[PDB]
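Enquirer: One file: run.cif (mmCIF, C-alpha atoms and all ligand atoms).
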data_my_file
loop_
_atom_site.label_atom_id
_atom_site.label_comp_id
_atom_site.auth_asym_id
_atom_site.auth_seq_id
_atom_site.Cartn_x
_atom_site.Cartn_y
_atom_site.Cartn_z
CA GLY Z 1 -1.92 15.56 12.18
CA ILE Z 2 -0.82 13.24 9.37
CA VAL Z 3 -0.27 10.28 11.65
CA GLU Z 4 -3.83 10.52 13.04
CA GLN Z 5 -5.31 11.04 9.56
CA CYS Z 6 -3.37 8.37 7.74
CA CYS Z 7 -2.33 5.63 10.17
CA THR Z 8 -5.76 4.32 11.18
CA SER Z 9 -7.23 4.32 7.64
CA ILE Z 10 -5.32 4.55 4.33
CA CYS Z 11 -4.86 8.02 2.83
CA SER Z 12 -5.16 8.36 -0.96
CA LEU Z 13 -2.28 9.91 -2.89
CA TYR Z 14 -4.46 13.04 -3.21
CA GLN Z 15 -4.88 13.13 0.58
CA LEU Z 16 -1.11 12.75 0.87
CA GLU Z 17 -0.74 15.68 -1.47
CA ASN Z 18 -2.14 17.92 1.29
CA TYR Z 19 1.25 17.68 3.04
CA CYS Z 20 3.42 18.82 0.09
CA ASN Z 21 5.08 22.19 0.18
CA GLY G 1 9.97 -1.43 -20.82
CA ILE G 2 9.44 0.46 -17.54
CA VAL G 3 13.13 0.34 -16.54
CA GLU G 4 14.22 1.85 -19.88
CA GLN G 5 11.38 4.45 -19.66
CA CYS G 6 11.72 5.50 -16.03
CA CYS G 7 15.31 5.01 -14.85
CA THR G 8 16.96 8.07 -16.36
CA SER G 9 14.20 10.67 -16.29
CA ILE G 10 11.63 10.45 -13.49
CA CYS G 11 8.22 9.03 -14.40
CA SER G 12 5.43 10.97 -12.74
CA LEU G 13 2.60 9.26 -10.79
CA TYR G 14 0.54 9.90 -13.87
CA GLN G 15 2.98 8.10 -16.15
CA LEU G 16 3.41 5.23 -13.71
CA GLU G 17 -0.33 4.72 -13.63
CA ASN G 18 -0.11 3.51 -17.26
CA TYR G 19 1.51 0.31 -15.88
CA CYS G 20 -1.34 -0.55 -13.50
CA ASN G 21 -3.71 -3.35 -14.13
CA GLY B 1 20.61 22.21 0.17
CA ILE B 2 20.29 18.59 1.24
CA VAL B 3 20.73 17.06 -2.27
CA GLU B 4 23.85 19.05 -3.14
CA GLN B 5 25.20 18.24 0.28
CA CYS B 6 24.13 14.66 0.90
CA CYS B 7 23.69 13.01 -2.50
CA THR B 8 27.20 14.00 -3.70
CA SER B 9 28.90 12.54 -0.56
CA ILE B 10 27.58 10.60 2.44
CA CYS B 11 26.18 12.82 5.19
CA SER B 12 26.77 11.88 8.86
CA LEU B 13 23.75 11.63 11.17
CA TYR B 14 24.71 15.04 12.64
CA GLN B 15 24.85 16.54 9.07
CA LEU B 16 21.34 15.14 8.35
CA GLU B 17 20.03 16.73 11.58
CA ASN B 18 20.51 20.12 10.01
CA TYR B 19 17.27 19.29 8.10
CA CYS B 20 15.20 18.41 11.20
CA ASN B 21 12.56 20.94 12.27
CA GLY C 1 33.47 -8.04 0.82
CA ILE C 2 29.74 -7.72 0.13
CA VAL C 3 30.02 -4.16 -1.36
CA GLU C 4 32.81 -5.18 -3.80
CA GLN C 5 31.02 -8.40 -4.80
CA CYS C 6 27.49 -7.06 -5.12
CA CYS C 7 27.43 -3.31 -5.86
CA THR C 8 29.16 -3.38 -9.23
CA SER C 9 27.09 -6.26 -10.60
CA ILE C 10 23.97 -7.92 -9.27
CA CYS C 11 24.20 -10.74 -6.73
CA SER C 12 21.41 -13.32 -6.70
CA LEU C 13 19.70 -14.12 -3.39
CA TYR C 14 21.67 -17.43 -3.50
CA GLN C 15 24.98 -15.50 -3.69
CA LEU C 16 23.81 -13.18 -0.89
CA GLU C 17 22.98 -16.20 1.22
CA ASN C 18 26.75 -16.64 1.81
CA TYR C 19 26.55 -13.69 4.19
CA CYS C 20 23.88 -15.29 6.40
CA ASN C 21 24.67 -16.36 9.91
CA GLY Q 1 16.92 -9.74 21.78
CA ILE Q 2 16.40 -6.85 19.33
CA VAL Q 3 12.88 -7.94 18.21
CA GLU Q 4 11.81 -8.32 21.82
CA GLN Q 5 13.32 -4.97 22.94
CA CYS Q 6 12.33 -2.97 19.85
CA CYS Q 7 9.19 -4.35 18.21
CA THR Q 8 6.99 -3.90 21.28
CA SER Q 9 8.19 -0.39 22.10
CA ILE Q 10 10.08 2.13 19.92
CA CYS Q 11 13.87 2.04 20.26
CA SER Q 12 15.76 5.26 19.63
CA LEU Q 13 18.82 5.18 17.32
CA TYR Q 14 20.89 5.45 20.50
CA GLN Q 15 19.36 2.24 21.87
CA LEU Q 16 19.75 0.58 18.49
CA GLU Q 17 23.43 1.33 18.36
CA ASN Q 18 23.99 -1.10 21.16
CA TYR Q 19 23.54 -3.76 18.40
CA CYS Q 20 26.29 -2.39 16.12
CA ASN Q 21 29.61 -4.26 15.62
CA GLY D 1 -4.59 -14.26 -2.87
CA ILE D 2 -1.21 -12.95 -1.66
CA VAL D 3 -2.49 -10.50 0.99
CA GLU D 4 -4.62 -13.21 2.64
CA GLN D 5 -1.83 -15.78 2.42
CA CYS D 6 1.15 -13.63 3.36
CA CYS D 7 -0.04 -10.82 5.59
CA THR D 8 -1.56 -13.10 8.26
CA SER D 9 1.43 -15.56 8.36
CA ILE D 10 5.00 -15.16 7.00
CA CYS D 11 5.33 -16.63 3.50
CA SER D 12 8.50 -18.50 2.56
CA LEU D 13 10.51 -17.48 -0.50
CA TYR D 14 9.13 -20.47 -2.37
CA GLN D 15 5.48 -19.48 -1.51
CA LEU D 16 6.20 -15.95 -2.77
CA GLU D 17 7.50 -17.47 -6.01
CA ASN D 18 3.97 -18.57 -6.87
CA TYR D 19 3.39 -14.87 -7.74
CA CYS D 20 6.31 -14.57 -10.18
CA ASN D 21 5.49 -14.43 -13.85
CA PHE M 1 17.20 13.25 -12.58
CA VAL M 2 16.46 9.73 -11.43
CA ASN M 3 19.77 9.51 -9.49
CA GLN M 4 18.56 12.44 -7.36
CA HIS M 5 15.10 10.89 -7.11
CA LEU M 6 16.51 7.65 -5.61
CA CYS M 7 18.92 9.42 -3.32
CA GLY M 8 16.13 11.63 -1.92
CA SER M 9 14.01 8.55 -1.15
CA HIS M 10 16.81 7.29 1.17
CA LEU M 11 17.41 10.80 2.55
CA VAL M 12 13.80 11.13 3.80
CA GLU M 13 13.91 7.73 5.45
CA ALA M 14 17.16 8.71 7.23
CA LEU M 15 15.59 12.06 8.29
CA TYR M 16 12.49 10.22 9.52
CA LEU M 17 14.70 8.08 11.81
CA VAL M 18 17.20 10.72 12.93
CA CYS M 19 14.74 13.59 13.47
CA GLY M 20 12.31 11.57 15.65
CA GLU M 21 9.59 13.76 17.22
CA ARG M 22 11.00 16.93 15.55
CA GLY M 23 10.02 15.83 12.08
CA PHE M 24 11.85 17.40 9.20
CA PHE M 25 11.54 19.68 6.25
CA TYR M 26 12.46 18.09 2.91
CA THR M 27 13.05 20.82 0.31
CA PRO M 28 15.18 19.64 -2.64
CA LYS M 29 14.62 22.93 -4.56
CA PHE Y 1 4.07 -2.99 19.07
CA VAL Y 2 5.51 -0.21 17.13
CA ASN Y 3 2.98 0.41 14.45
CA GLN Y 4 2.71 4.24 14.35
CA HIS Y 5 6.51 4.32 13.98
CA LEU Y 6 6.32 1.83 11.09
CA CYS Y 7 3.31 3.58 9.54
CA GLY Y 8 5.22 6.91 9.67
CA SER Y 9 8.14 5.41 7.77
CA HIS Y 10 5.86 4.34 4.87
CA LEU Y 11 4.08 7.67 5.06
CA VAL Y 12 7.29 9.64 4.41
CA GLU Y 13 8.14 7.32 1.49
CA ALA Y 14 4.69 7.89 -0.02
CA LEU Y 15 4.90 11.71 0.56
CA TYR Y 16 8.25 11.72 -1.13
CA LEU Y 17 6.82 10.17 -4.26
CA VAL Y 18 3.66 12.37 -4.26
CA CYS Y 19 5.47 15.67 -3.49
CA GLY Y 20 8.33 15.38 -6.08
CA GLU Y 21 10.39 18.55 -6.34
CA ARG Y 22 7.83 20.46 -4.18
CA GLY Y 23 9.16 18.70 -1.12
CA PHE Y 24 7.34 18.39 2.16
CA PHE Y 25 7.26 19.06 5.89
CA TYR Y 26 6.80 16.06 8.13
CA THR Y 27 5.68 17.09 11.60
CA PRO Y 28 4.62 14.08 13.74
CA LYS Y 29 3.02 16.39 16.41
CA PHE P 1 29.14 9.94 -4.96
CA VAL P 2 26.92 7.92 -2.48
CA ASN P 3 26.35 4.88 -4.72
CA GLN P 4 27.88 2.36 -2.35
CA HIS P 5 25.81 3.76 0.50
CA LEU P 6 22.52 3.36 -1.46
CA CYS P 7 23.53 -0.10 -2.64
CA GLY P 8 24.26 -1.29 0.94
CA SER P 9 20.82 -0.12 2.00
CA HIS P 10 19.27 -2.53 -0.58
CA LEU P 11 21.76 -5.29 0.31
CA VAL P 12 20.71 -5.37 4.00
CA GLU P 13 17.12 -5.62 2.80
CA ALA P 14 17.88 -8.55 0.52
CA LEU P 15 19.92 -10.23 3.31
CA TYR P 16 17.04 -9.76 5.73
CA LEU P 17 14.79 -11.53 3.23
CA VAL P 18 17.01 -14.43 2.25
CA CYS P 19 18.62 -15.13 5.63
CA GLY P 20 15.35 -15.57 7.50
CA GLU P 21 15.73 -16.66 11.13
CA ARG P 22 19.49 -17.04 10.84
CA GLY P 23 19.99 -13.30 10.59
CA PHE P 24 23.25 -12.08 9.08
CA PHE P 25 26.36 -10.02 9.68
CA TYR P 26 26.77 -6.87 7.71
CA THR P 27 30.40 -5.70 7.57
CA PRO P 28 31.49 -3.41 4.80
CA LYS P 29 35.29 -3.23 4.59
CA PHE E 1 4.38 -13.73 12.76
CA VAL E 2 4.00 -10.97 10.13
CA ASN E 3 4.19 -7.88 12.32
CA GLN E 4 7.52 -9.02 13.87
CA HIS E 5 8.72 -9.85 10.33
CA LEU E 6 7.80 -6.34 9.10
CA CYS E 7 9.28 -4.72 12.15
CA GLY E 8 12.62 -6.56 11.66
CA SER E 9 12.77 -5.15 8.13
CA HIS E 10 12.74 -1.63 9.56
CA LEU E 11 15.10 -2.56 12.39
CA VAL E 12 17.80 -3.60 9.89
CA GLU E 13 17.27 -0.35 7.99
CA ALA E 14 17.79 1.63 11.21
CA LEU E 15 20.92 -0.40 12.15
CA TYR E 16 22.36 0.17 8.67
CA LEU E 17 21.94 3.90 9.19
CA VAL E 18 23.13 4.16 12.82
CA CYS E 19 26.02 1.65 12.70
CA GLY E 20 27.68 3.18 9.63
CA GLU E 21 31.08 1.65 8.71
CA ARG E 22 31.01 -0.57 11.82
CA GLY E 23 28.16 -2.65 10.44
CA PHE E 24 26.07 -4.91 12.58
CA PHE E 25 24.94 -8.37 13.43
CA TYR E 26 21.32 -9.11 13.03
CA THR E 27 20.15 -12.17 14.90
CA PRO E 28 16.54 -12.83 15.73
CA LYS E 29 16.60 -15.01 18.86
CA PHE X 1 27.08 -0.38 -10.39
CA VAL X 2 23.68 -2.10 -9.99
CA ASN X 3 21.65 0.93 -10.97
CA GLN X 4 18.85 -0.78 -12.93
CA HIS X 5 18.37 -3.21 -10.07
CA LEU X 6 18.09 -0.38 -7.47
CA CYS X 7 15.86 1.72 -9.76
CA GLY X 8 13.49 -1.22 -10.30
CA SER X 9 13.19 -1.66 -6.52
CA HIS X 10 11.85 1.94 -6.20
CA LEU X 11 9.72 1.55 -9.26
CA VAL X 12 7.70 -1.35 -7.79
CA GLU X 13 7.20 0.56 -4.61
CA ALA X 14 5.89 3.57 -6.66
CA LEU X 15 3.62 1.18 -8.66
CA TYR X 16 2.37 -0.38 -5.48
CA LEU X 17 1.33 3.06 -4.18
CA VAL X 18 -0.13 4.34 -7.49
CA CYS X 19 -2.07 1.24 -8.57
CA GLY X 20 -3.62 0.56 -5.19
CA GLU X 21 -6.29 -2.14 -5.41
CA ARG X 22 -5.83 -2.55 -9.18
CA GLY X 23 -2.38 -4.14 -8.66
CA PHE X 24 0.14 -4.34 -11.48
CA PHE X 25 2.44 -6.57 -13.53
CA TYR X 26 6.12 -5.97 -13.23
CA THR X 27 7.80 -7.48 -16.26
CA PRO X 28 11.45 -6.40 -16.62
CA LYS X 29 12.68 -6.40 -20.28
CA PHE S 1 -6.10 -2.27 6.38
CA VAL S 2 -3.33 0.12 7.06
CA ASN S 3 -1.66 -3.04 8.25
CA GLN S 4 -2.50 -4.79 4.98
CA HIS S 5 -1.33 -1.70 3.19
CA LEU S 6 2.03 -1.73 5.01
CA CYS S 7 2.35 -5.47 4.48
CA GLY S 8 1.64 -5.20 0.67
CA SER S 9 4.51 -2.72 0.47
CA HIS S 10 7.03 -5.30 1.82
CA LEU S 11 5.39 -8.02 -0.30
CA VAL S 12 6.13 -6.23 -3.56
CA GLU S 13 9.77 -5.69 -2.53
CA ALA S 14 10.13 -9.39 -1.61
CA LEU S 15 8.53 -10.35 -4.95
CA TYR S 16 10.87 -8.01 -6.81
CA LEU S 17 13.92 -9.62 -5.25
CA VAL S 18 12.80 -13.25 -5.32
CA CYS S 19 11.40 -13.22 -8.86
CA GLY S 20 14.40 -11.59 -10.48
CA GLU S 21 14.23 -11.40 -14.29
CA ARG S 22 10.90 -13.26 -14.30
CA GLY S 23 9.05 -10.28 -12.81
CA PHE S 24 5.78 -10.77 -10.92
CA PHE S 25 2.06 -10.03 -10.82
CA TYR S 26 0.73 -8.20 -7.75
CA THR S 27 -3.12 -8.60 -7.64
CA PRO S 28 -4.27 -7.75 -4.09
CA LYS S 29 -7.93 -8.84 -4.35
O1 LIG V 101 -2.34 6.02 4.83
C1 LIG V 101 -1.11 5.67 4.42
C2 LIG V 101 -0.13 5.30 5.36
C3 LIG V 101 1.12 4.93 4.88
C4 LIG V 101 1.41 4.96 3.51
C5 LIG V 101 0.44 5.35 2.58
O2 LIG V 101 0.71 5.37 1.24
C6 LIG V 101 -0.83 5.70 3.05
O1 LIG V 102 11.23 7.23 -12.64
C1 LIG V 102 11.08 6.72 -11.38
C2 LIG V 102 11.99 5.77 -10.89
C3 LIG V 102 11.81 5.22 -9.61
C4 LIG V 102 10.75 5.63 -8.81
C5 LIG V 102 9.86 6.59 -9.28
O2 LIG V 102 8.84 7.00 -8.49
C6 LIG V 102 10.02 7.15 -10.58
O1 LIG V 103 24.25 11.13 2.31
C1 LIG V 103 23.23 10.28 2.55
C2 LIG V 103 22.38 9.96 1.50
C3 LIG V 103 21.31 9.11 1.69
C4 LIG V 103 21.11 8.57 2.96
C5 LIG V 103 21.99 8.87 4.03
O2 LIG V 103 21.79 8.31 5.27
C6 LIG V 103 23.04 9.75 3.84
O1 LIG V 104 23.75 -7.03 -6.00
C1 LIG V 104 22.75 -6.49 -5.24
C2 LIG V 104 22.84 -5.19 -4.71
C3 LIG V 104 21.79 -4.66 -3.93
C4 LIG V 104 20.66 -5.46 -3.73
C5 LIG V 104 20.58 -6.75 -4.27
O2 LIG V 104 19.49 -7.54 -4.09
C6 LIG V 104 21.63 -7.28 -5.01
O1 LIG V 105 11.87 0.15 17.73
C1 LIG V 105 12.07 0.25 16.37
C2 LIG V 105 11.54 -0.68 15.49
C3 LIG V 105 11.74 -0.58 14.11
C4 LIG V 105 12.51 0.48 13.62
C5 LIG V 105 13.05 1.41 14.50
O2 LIG V 105 13.76 2.47 14.05
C6 LIG V 105 12.84 1.31 15.89
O1 LIG V 106 4.64 -12.94 4.47
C1 LIG V 106 5.43 -11.92 4.07
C2 LIG V 106 4.97 -10.59 4.15
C3 LIG V 106 5.82 -9.56 3.72
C4 LIG V 106 7.11 -9.84 3.22
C5 LIG V 106 7.55 -11.17 3.13
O2 LIG V 106 8.79 -11.51 2.64
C6 LIG V 106 6.70 -12.20 3.57
CL CL V 107 18.89 3.57 -4.75
CL CL V 108 5.47 -2.12 8.35
ZN ZN V 109 17.40 2.83 -3.22
ZN ZN V 110 7.05 -1.49 6.84
#
The structure in this file should be written as structure tokens.
Expert:
Amino acid sequence: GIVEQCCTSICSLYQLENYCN
Amino acid sequence: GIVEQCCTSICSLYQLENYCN
Amino acid sequence: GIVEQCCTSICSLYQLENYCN
Amino acid sequence: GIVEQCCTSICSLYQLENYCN
Amino acid sequence: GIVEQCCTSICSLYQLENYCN
Amino acid sequence: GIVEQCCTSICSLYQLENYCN
Amino acid sequence: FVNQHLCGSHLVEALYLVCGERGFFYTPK
Amino acid sequence: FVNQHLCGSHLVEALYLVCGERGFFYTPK
Amino acid sequence: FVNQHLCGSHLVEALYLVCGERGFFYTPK
Amino acid sequence: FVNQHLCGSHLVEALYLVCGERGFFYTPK
Amino acid sequence: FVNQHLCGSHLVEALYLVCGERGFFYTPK
Amino acid sequence: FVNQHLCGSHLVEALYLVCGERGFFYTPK
């Protein structure tokens, strides 16, 4: 999930956007 | 400045990016 | 929703839990 | 106390330092 | 203390409340 | 720079002030 | 509204802490 | 040391700013 | 409104920063 | 060092939330 | 109320996230 | 990396507060 994707390497704001409603 | 511009109506990511180096 | 409820007066921790999955 | 002193007008870090242990 | 108890392993809010006044 | 100085050891307030305008 | 924007930022942090492993659904609209 | 918990707190803050009025689900699963 | 609540959240931050190893007491009231 | 310093910043945030009107004493020790 | 102060705190956090490796000047008027 | 990223986040907040009306320059490289 997000924690796996984004807590070992930095997620871009676009990558973050994946989790918006 | 940024406070005047962004502290009443929300500045988007896009708008904020104008302040980056 | 959460803004109308919790930004107009302070929500308790139990009130905030309404918004947990 | 701190809320009355510092939430209506800005306290400097030096003023806030009064509340340190 | 708190750093020792809670920076090595996650403390719940319940555990943290032990440090309230 | 600041990351190298202040993310490996804690910078003091005065060290941080080097980065003020 | 910026007031709402700032309030929401604190709301999600509070939800993060209170909800724990449940997570949360933030839907301002 | 507690670094997924701390990372998750920053993650919700960043999601908040990216998502805006859309909102978001945070599911730590 | 929740203005005092949001303010206090920033105050404990700023206290954390300035007080260093001393720590601090936070008592609204 | 820095990771305890960052962690303490979140700890005081969580105490602020959980302790409410009671407030709290933060003392690294 | 210290609204400009609290707003500016969230602004620099937003700038931090948007500007990434480019960094940014914060120069309050 | 993530760690540096989380650290930079607290750094800009500390700069905000310490620098006051002077403002600051955050240049991570
Ligand atoms: O990958 C991440 C983790 C935390 C915050 C962020 O903006 C990005
Ligand atoms: O207009 C604003 C004010 C503060 C934070 C932000 O992301 C936007
Ligand atoms: O009503 C609120 C608003 C923001 C944060 C919080 O813990 C409660
Ligand atoms: O007067 C204040 C209120 C909140 C944060 C701060 O640094 C100062
Ligand atoms: O164990 C911890 C450490 C930091 C914040 C928190 O909510 C819990
Ligand atoms: O060395 C540091 C790193 C982050 C915040 C701070 O006040 C000091
Ligand atoms: Cl705020
Ligand atoms: Cl952190
Ligand atoms: Zn705030
Ligand atoms: Zn952090």
Enquirer: Give as JSON, numbers by chain every residue, naming chains and numbers as the document does, that has an atom within 10 Å of (28.3, 5.7, 0.9), counting only C-alpha atoms.
Expert: {"B": [6, 7, 8, 9, 10, 11], "P": [1, 2, 3, 4, 5, 6, 7, 8, 9], "E": [20, 21]}
Enquirer: Box for region 13-25 of chain E - axis-aligned, 5 Å on each of the six sides, all listed atoms - centre and size in Å to one decimal, as JSON.
Expert:
{"center_x": 24.2, "center_y": -2.1, "center_z": 10.7, "size_x": 23.8, "size_y": 22.5, "size_z": 15.4}
Enquirer: Taking only residues of chain M that have an atom at most 10 Å from an atom of chain E, what is each one's shortest atom pair and its distance in Å to one decimal, using only C-alpha atoms, in chain and number order, as a tab-separated table?
Expert:
residue	atom	partner	partner_atom	distance
M:13	CA	E:13	CA	9.1
M:14	CA	E:17	CA	7.1
M:17	CA	E:14	CA	7.2
M:18	CA	E:18	CA	8.8
Enquirer: Could I get chain D fitted onto chain Q (least squares, all C-alpha atoms, in order) as a PDB file with C-alpha atoms, in the coordinates of the input?
Expert:
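As a result, part15.pdb now contains:
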ATOM      1  CA  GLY D   1      17.223  -9.367  22.149  1.00  0.00           C
ATOM      2  CA  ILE D   2      16.383  -6.723  19.520  1.00  0.00           C
ATOM      3  CA  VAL D   3      12.969  -8.085  18.446  1.00  0.00           C
ATOM      4  CA  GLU D   4      11.739  -8.190  22.062  1.00  0.00           C
ATOM      5  CA  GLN D   5      13.190  -4.765  22.837  1.00  0.00           C
ATOM      6  CA  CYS D   6      12.298  -2.912  19.650  1.00  0.00           C
ATOM      7  CA  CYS D   7       9.199  -4.484  18.163  1.00  0.00           C
ATOM      8  CA  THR D   8       7.009  -3.955  21.255  1.00  0.00           C
ATOM      9  CA  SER D   9       8.167  -0.312  21.883  1.00  0.00           C
ATOM     10  CA  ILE D  10      10.035   2.116  19.566  1.00  0.00           C
ATOM     11  CA  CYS D  11      13.797   1.986  20.153  1.00  0.00           C
ATOM     12  CA  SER D  12      15.810   5.206  20.036  1.00  0.00           C
ATOM     13  CA  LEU D  13      18.806   5.529  17.721  1.00  0.00           C
ATOM     14  CA  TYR D  14      21.115   5.117  20.694  1.00  0.00           C
ATOM     15  CA  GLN D  15      19.324   1.857  21.791  1.00  0.00           C
ATOM     16  CA  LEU D  16      19.689   0.526  18.232  1.00  0.00           C
ATOM     17  CA  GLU D  17      23.409   1.316  18.416  1.00  0.00           C
ATOM     18  CA  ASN D  18      23.833  -1.441  20.991  1.00  0.00           C
ATOM     19  CA  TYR D  19      23.531  -3.827  17.991  1.00  0.00           C
ATOM     20  CA  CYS D  20      26.316  -2.230  15.927  1.00  0.00           C
ATOM     21  CA  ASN D  21      29.577  -4.093  15.686  1.00  0.00           C
TER      22      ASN D  21
END
Enquirer: Can you tell me how far CA of residue 21 (chain D) sits from atom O1 of ligand LIG 101 (chain V), in Å to one decimal?
Expert: 28.8 Å
Enquirer: In Å, how far is it from CA of residue 3 (chain Q) to atom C5 of ligand LIG 101 (chain V)?
Expert: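 Interatomic distance here is 24.0 Å.
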Enquirer: Please, what distance in Å, to one decimal, runs between atom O1 of ligand LIG 104 (chain V) and CA of residue 12 (chain G)?
Expert: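 Spanning atom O1 of ligand LIG 104 (chain V) to CA of residue 12 (chain G) is a straight-line distance of 26.6 Å.
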Enquirer: Reconstruct N, CA and C atoms of region 6-20 of chain E from the incomplete input and present them as a PDB file, in the frame of the given file.
Expert:
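Now in rebuild-v6.pdb:
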ATOM      1  N   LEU E   6       7.746  -7.700   9.662  1.00  0.00           N
ATOM      2  CA  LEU E   6       7.800  -6.340   9.100  1.00  0.00           C
ATOM      3  C   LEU E   6       8.648  -5.435   9.954  1.00  0.00           C
ATOM      4  N   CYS E   7       8.523  -5.563  11.261  1.00  0.00           N
ATOM      5  CA  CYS E   7       9.280  -4.720  12.150  1.00  0.00           C
ATOM      6  C   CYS E   7      10.800  -4.953  11.948  1.00  0.00           C
ATOM      7  N   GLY E   8      11.204  -6.218  11.823  1.00  0.00           N
ATOM      8  CA  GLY E   8      12.620  -6.560  11.660  1.00  0.00           C
ATOM      9  C   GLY E   8      13.176  -5.933  10.401  1.00  0.00           C
ATOM     10  N   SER E   9      12.346  -5.784   9.375  1.00  0.00           N
ATOM     11  CA  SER E   9      12.770  -5.150   8.130  1.00  0.00           C
ATOM     12  C   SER E   9      13.161  -3.695   8.339  1.00  0.00           C
ATOM     13  N   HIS E  10      12.372  -2.988   9.138  1.00  0.00           N
ATOM     14  CA  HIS E  10      12.740  -1.630   9.560  1.00  0.00           C
ATOM     15  C   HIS E  10      13.900  -1.576  10.546  1.00  0.00           C
ATOM     16  N   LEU E  11      13.966  -2.538  11.473  1.00  0.00           N
ATOM     17  CA  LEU E  11      15.100  -2.560  12.390  1.00  0.00           C
ATOM     18  C   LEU E  11      16.432  -2.608  11.650  1.00  0.00           C
ATOM     19  N   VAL E  12      16.519  -3.442  10.604  1.00  0.00           N
ATOM     20  CA  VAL E  12      17.800  -3.600   9.890  1.00  0.00           C
ATOM     21  C   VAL E  12      18.141  -2.334   9.101  1.00  0.00           C
ATOM     22  N   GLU E  13      17.105  -1.670   8.570  1.00  0.00           N
ATOM     23  CA  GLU E  13      17.270  -0.350   7.990  1.00  0.00           C
ATOM     24  C   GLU E  13      17.856   0.668   8.985  1.00  0.00           C
ATOM     25  N   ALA E  14      17.320   0.666  10.203  1.00  0.00           N
ATOM     26  CA  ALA E  14      17.790   1.630  11.210  1.00  0.00           C
ATOM     27  C   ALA E  14      19.242   1.304  11.660  1.00  0.00           C
ATOM     28  N   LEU E  15      19.557   0.021  11.817  1.00  0.00           N
ATOM     29  CA  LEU E  15      20.920  -0.400  12.150  1.00  0.00           C
ATOM     30  C   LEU E  15      21.908  -0.014  11.054  1.00  0.00           C
ATOM     31  N   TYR E  16      21.519  -0.250   9.815  1.00  0.00           N
ATOM     32  CA  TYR E  16      22.360   0.170   8.670  1.00  0.00           C
ATOM     33  C   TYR E  16      22.720   1.649   8.777  1.00  0.00           C
ATOM     34  N   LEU E  17      21.716   2.484   9.043  1.00  0.00           N
ATOM     35  CA  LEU E  17      21.940   3.900   9.190  1.00  0.00           C
ATOM     36  C   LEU E  17      22.833   4.227  10.420  1.00  0.00           C
ATOM     37  N   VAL E  18      22.466   3.715  11.598  1.00  0.00           N
ATOM     38  CA  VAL E  18      23.130   4.160  12.820  1.00  0.00           C
ATOM     39  C   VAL E  18      24.548   3.570  12.977  1.00  0.00           C
ATOM     40  N   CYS E  19      24.756   2.354  12.476  1.00  0.00           N
ATOM     41  CA  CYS E  19      26.020   1.650  12.700  1.00  0.00           C
ATOM     42  C   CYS E  19      27.113   2.121  11.735  1.00  0.00           C
ATOM     43  N   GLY E  20      26.719   2.646  10.582  1.00  0.00           N
ATOM     44  CA  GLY E  20      27.680   3.180   9.630  1.00  0.00           C
ATOM     45  C   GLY E  20      28.708   2.121   9.221  1.00  0.00           C
TER      46      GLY E  20
END
